[PDB]
Structure formats: structure tokens, C-alpha cells
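Working notes for the structure below.
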Amino acid sequence: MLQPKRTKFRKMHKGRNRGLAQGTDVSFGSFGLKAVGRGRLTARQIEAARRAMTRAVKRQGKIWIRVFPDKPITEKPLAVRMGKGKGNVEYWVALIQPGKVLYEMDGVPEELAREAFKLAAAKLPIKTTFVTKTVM
Amino acid sequence: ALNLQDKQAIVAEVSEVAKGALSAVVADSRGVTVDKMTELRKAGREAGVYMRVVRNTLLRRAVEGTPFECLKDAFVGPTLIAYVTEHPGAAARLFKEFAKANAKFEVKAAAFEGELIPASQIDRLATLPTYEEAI
Amino acid sequence: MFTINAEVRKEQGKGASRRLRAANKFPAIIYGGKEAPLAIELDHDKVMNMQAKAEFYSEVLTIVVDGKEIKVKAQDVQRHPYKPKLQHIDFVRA
Amino acid sequence: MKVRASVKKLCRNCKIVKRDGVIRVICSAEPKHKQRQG
Amino acid sequence: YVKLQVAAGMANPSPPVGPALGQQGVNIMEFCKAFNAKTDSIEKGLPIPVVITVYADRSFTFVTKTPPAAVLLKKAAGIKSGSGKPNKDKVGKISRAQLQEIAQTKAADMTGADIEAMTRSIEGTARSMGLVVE
RNA sequence: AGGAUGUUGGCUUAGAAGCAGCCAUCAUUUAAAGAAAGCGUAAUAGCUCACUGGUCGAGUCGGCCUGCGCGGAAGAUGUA
């Protein structure tokens, strides 16, 4: 599970998730999984989708993970009233905007990359699409 | 399937063989296993006869180049052509005993002389001796 | 060889450019050389098919505007964030 | 009969049919492949 | 109608031949010594394939063929067993000449129009069994 | 209608013959026919696919962008 090794602060504001994404094109590999929806990606979802793609291509070629869950999310335990300070950090998320490229793959045929990305997309809470590297 | 460049090349080659040969025998060969074909191929190579199954459309194109344009009508149904390029006949001969013996397929029309040859009367070619008989 | 038909834009801005993309077109610009830059409109899907070929970004294209051919090269392309669409193209005079 | 929300062709012989507004999968080969959306 | 690969001047055994065509209606001893009778001329220890041909009255005829390519290639490489992992583990060498010999035998049994073609097929086998042609 | 030859490819195994598994996947005759896509056998056999010739005779194929619909959709007094 991806997680920052250390942070300047432990807890962060909720914030908002407006706007479109940066890094909207395949920059390392040849095929990419681009998010068309908006939402959060927990570190477990990222790891689950990575394993689904890693096993799909039988550990072949190269795989990049363009996102990183750097935002901590706190929760209050059960049977606890409101107040008495912010909750404890439970997991980390990466904010996703439409157009964000999540994963990139290289070294495999396209027809195999589509199935690998299709298996991984089933683990993610946001709608995605298949993209390929283009001549800028 | 077969790109247009393919089929053009298939025609060209069948046509070039048609120029060199001297006796063409055409037959149906549907409903015969590949072993009996493989056997007929060793009998063709042995007897110096060139054997091809080719699309009836595609043969009509080869033929027209000369002098087999009588054979057009022989290209309705499954077609097997027999080009005796070295010596004449022997194919006409070979096909009939092979035809009779195997009671599958038929044999259509042959062609020598730039004249179509009728199914029954092919017995002419199928009895012409050796070259190599005039001595 | 790619030839493109274009029309000169009547007005610029965010409001005008979004109306173009709603009308199955998209703006572009032609600069380079000593001439003044020229703002043009392009038919989207027709240009979208041409840019799908790798030589579109390497060879020299001709844009006929007011019946006048201009030889240019594709400089930069602004694509839609998540749709197979174009938003803007920079053309530099060859 | 498999009653699920996502019906799909499981082999070459599976056919998609819509009967009375219900998407169904009928297979002339594998009776296990018989599905209906529900 | 059954096909076997039997050792030259050897026949009869139960796990080898017996049961196999024995459970089809075939007279064992007859085929045994007829087979051996005609396969006497074969070199010692050449495994030869025979196609046995039985008719409704349990009587039979058979054809003898040339030994398998794998066999001749085993003998030509002087080995006993093909590679367990052909083309990952190499287990020997036949010259182009040995290929050609085997090809002419198997030519009596091939479908190649030329020496070269037959040889190429034999090479195909030789590759298939991790023997290099050297 | 054909779907062949080396050949039951090599290894393994009691057997492993396209079809438990491992490795290889060449070559021939080909119109075409994978050292086999699925069923089948103790292993063969046997069925079928890929592929190709024939018949038919003008369209047929599968991706994208979008509009509107379908399923997914089970609660308690009574349609609600």
C-alpha cells in the first residue's frame, strides 16, 4: 500500500476536488488508463488494481503508477460523539480529476493491454478509459 | 483471405504454366480425401504433370490469355486443372482410371489443339501413346 | 499531403470558442514569420481523422482560407482532457 | 438458470435473446450457460 | 485397424503388443512371427512402425513402414533419449549428411518432392527433439 | 466437400497418439489444414473448430461520437 514515508503534518483539511487533471497523456509507456470520472483513490484500490494488471500480463513488460495517495483521511471510531478534536488517520487517498492518467503500460501488445486495463478498471470506483501514446 | 495483390500473382503463375504446357485436363475433385490427392500428386510429379486447384473466377482470367477460352464453361463447380507441361496426355489417361477407381468426382472437359474435349470422347487423349512410340 | 479548409474567426474569447466546439468546430491560430497571426476555425471531425496519422505532425500542410493556400506545420495541439476531441491547434507558417 | 445483473456470452454457442423485455442467454451446448438478467 | 511401432525381430509381449491389438480380435502369435519373419532384414534394434489391418472375420494384413524420424535421429546422434526441453537443452549433432540419409529412408516414407524438402522435415523433427544439426 | 504427410514431435507416464503436465512449434504435400480451438477415450478411436475449393448473388462486418429508452430495482394499515 502506497503511503508517504513521512509528512510535514499528520492531518489535512477535507478540501474540495474541483477542476480538471494535470498529466493527461501517456508519458512513459505506450498505453494508459485515463480516468474520466472524479473521486478519490484509496491506497488499497490502487494496489488492488495493480495486482489485477500485474497478474493479467503474467508479470511482463513495464507498469507505471502515475498517482500517489498523499492525502490522509481521518475517521472517528464508533460510539463517539461529535467534537473532541479531529479523528485519527485511517487511510490515504489520491484525488482524481477527469483526464488523469492513472496507470501506464509498455512492452505488451495492445489487445493484451486492453484486457489488463479492463481487469484493473473493475477494482476502481471511478469510470476510466483506454488511451494510447500519441505524437504531441 | 486473399488480397488483390495475391490473386493477381496467382493468376500470373497459372497463366505462365498454361503457355508452356500442351494438354490440359479439367476435373471435379470434390469429395476426395487428401491422402488420395497426395497420391495423385506423386503420380503427377512422376509423370511430369502440373496440378492445381484454383478459383473458377481466377482460372477464367488465366485461360483467356490463349488458347483455352473454350474451357470457360468447364469452370462451373469445383475445378481441378492438370497441366502436362512435359509430354502430352498421360494426365488425361491418369485421371480416368483414377476417376473410375475412386467413384467420387467425375471429370469435366479436357482441351488439346485449342479445341475443347468432350467428357466421354476424351478416350482419344487417354489412349495416345509415347513420344517414343514412333520408333 | 494534407489540405485543410478554414474560415476566419469573427470573435474570440471563452464564450465564442465554446460555441464553436458545440457546433462541431474548433478554433486554431496561424503565426510565424513577419505576418500578423491569423485566427481560424476548423471542422473538427474532418481534422480529427487527419491528425490520427503520424505524418500529420511532420509534413507541411496547406490551409486554404479565403481561397488562399498557406503552408504551415502543426506546432502544438490542445486535446480534450478525457474525450477523443481537439480543442485548439497551433499552426506555424512553414 | 443463472439470474444475475450482468449476463454475458460464456462460449461460442451462447446467444443473446430478449424475450418480454428480459435479456437472456441461451446456449445450445452448455445448459450451465443459460442466464437471464435479473 | 490399428497402428503400432514394434521392435524389429521382436514381438508378442503383453504390456507392449498383446492387449493392444489383442482386444480387437487379432491372432497374436501369427502376427508376431509374420512380423518378425519380414522384419528380420531390418538392422538390429530399429523400432519399426507397422499398420495392422483387421477384417470382420478377425483375419488381418499389415504394412511395415520406415522407422520413426525421432528414432533414426536418436541413433544418428548416438543418444538414447531426446531432450526433456528441446531447443532449451541441446543433445547433439547430426551432420547435414546424416539428415540426408535419414531423409532418404524416410524419403521412402515422406511426401517431399525433393531431397531438400524431406531433409528439411527431418530437420524439423531434429529441432523438435533438441538435437542440433552439426 | 476437404481439414493431409514426417508423426504416436521430444520429455514424462502404467498410458499421454493435437487435446493431464513440461519443452519445442518446425517442415512437407497443399486449394487449405494449428505439432491443434472445444467435446470425447484407460490410451487410441470418434465429433467439431481454425483454414480452404464449391454453391449463392449484393451487400455484409465492428469500433467511435451522441439522443431517448431496458435490466440492475425487495417492507411492513390501503392503490400510496
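Here is how names work: the chains are called A, B, and so on, in the same order as the sequence lines, proteins then strands, and each is numbered from 1.
- The residue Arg55(B) sits close only to the backbone: its heavy atoms come under 4.0 Å of sugar-phosphate atoms, none of a base.
- If you check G54(F), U66(F), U30(F) against the side chain of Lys83(C), the one that comes closest is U66(F).
- Between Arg41(B) and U29(F) there is no side-chain polar atom (N or O) within less than 4.0 angstrom of OP1 or OP2.
- In this structure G15(F) is not paired with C65(F), as neither the Watson-Crick nor the G-U wobble definition is met at both distances under 3.5 Å.
- Taking 90° from 0 as the syn/anti boundary, the base of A73(F) is oriented anti.
- Here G54(F) is not matched with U60(F) as a Watson-Crick or G-U wobble partner, both contacts being required under 3.5 Å.
- Of the candidate nucleotides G54(F), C22(F), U29(F), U29(F) has the atom lying nearest to any side-chain atom of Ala113(E).
- Classified by its glycosidic torsion, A33(F) falls in the syn category, the angle being within 90° of 0.
- Nearer to the 5' terminus of RNA chain F, by closest-nucleotide assignment, is the contact made by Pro84(C) (compared with the other of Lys18(D) and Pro84(C)).
- Phosphate proximity of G2(F) to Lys104(B): absent, as no side-chain N or O sits under 4.0 Å from OP1 or OP2.
- At a threshold of 4.0 angstrom between heavy atoms, the contacts of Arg12(D) with the nucleic acid are absent.
- A tilted orientation is assigned to the rings of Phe62(E) and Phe35(E), their planes being inclined by 30° to 60°.
- Ion pairing between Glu97(B) and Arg93(B) fails under the 4.0 Å rule for side-chain N and carboxylate O.
- Taking only side-chain atoms of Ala69(E), from C-beta outward, the nucleotide of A27(F), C22(F), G6(F) with the closest atom is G6(F).
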